[PDB]
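Just the one chain here, laid out as structure tokens, in the form deposited in one PDB entry.
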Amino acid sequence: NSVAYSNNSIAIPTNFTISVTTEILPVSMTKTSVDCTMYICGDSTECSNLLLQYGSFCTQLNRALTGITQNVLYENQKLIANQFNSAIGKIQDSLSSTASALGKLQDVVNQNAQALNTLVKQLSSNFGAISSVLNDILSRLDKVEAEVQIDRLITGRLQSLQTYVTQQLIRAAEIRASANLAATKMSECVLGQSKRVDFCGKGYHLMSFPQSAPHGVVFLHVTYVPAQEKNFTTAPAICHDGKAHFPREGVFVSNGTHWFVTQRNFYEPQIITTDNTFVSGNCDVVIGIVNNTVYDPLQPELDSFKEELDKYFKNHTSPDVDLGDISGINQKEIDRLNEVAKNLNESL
């Protein structure tokens, strides 16, 4: 017998004051379209120019927000002439061979001088070619290493603009429920005298007069409130000798000695009769349970970043460049000939 037969002090309205309410309801959201350049980048021209390659995403966000003795002296004469004549013929061999040698040395040394001037003109081409191609690699790699950090910050400002767009769509879907509230609250109270307490102005309703506002309706409700209420002990029902008895359109207001079915909203007692009450059987309480569970979504739970990264990274290190190490490739006769050019006159 838990609570259905407990008696507790309940306030029941004892007189009235006449009153009026001004109640303001908004009935209509202006389309807060966003320029996506000025939001994300603003004045800063390098990121602005990057925004064009993010495509027409800005428009896409605005679709959302815009909606919503003579013999031996003579034989010595034969002898010395035969020694001389044979010597000079050996001088001509000695000298002709030296000319044929020194003329092959002067050939090959000038062919070497030609080869080195060929090498210098070709290597001037290589250090000139590498000057231009490697200056361009340097100048363009400096541009590309300036440009992946600005995209990083644009992409984190994209999320700030997507939080802007979400909170601006969220509010517009509350506004469209407040326009449904303005529809039911217009209908039931401008087209319809209510018997509900505090709907259509504080207290109890007499009459109303709507007036417009720029995006709203305002109601003048004429109503009466309780100027003066008393706590009567009560029960919702009473179980006499195993039968439960309970009101019809009232409560059991409790007098010191008797039960009366007062109207819930006023102290005006009337006697228990089979026309003021209903009746039951066996004196039992039915117990009901209601639990208004408002949706808890499937939130997007993820692996640790190491697992979702390692699924698809290559730690490729290019080798230390080694190339060819070219450091590993490593007068007396003219004095005499000048001396004997003089000292041969001592044998003239």
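From 1 onward, residues are counted along the sequence shown. The term rigid core refers to the maximal set of C-alpha atoms that superpose within 1.5 Å between the two forms.
Unmodelled residues of the deposited sequence between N330 and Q331: 4 to 9. In this entry, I68 is separated from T69 by 10 or more residues of the deposited sequence that have no coordinates.
This protein has a second form, the form deposited in another entry, left out of what is shown; the following refers to that one.
After superposing the rigid core, the Cα of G156 is displaced by less than 2 Å between this form and the one not shown. Comparing the forms between this form and the one not shown on their rigid core, the Cα displacement of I175 stays under 2 Å.
Comparing the forms between this form and the one not shown on their rigid core, the Cα displacement of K195 reaches 2 Å or more.
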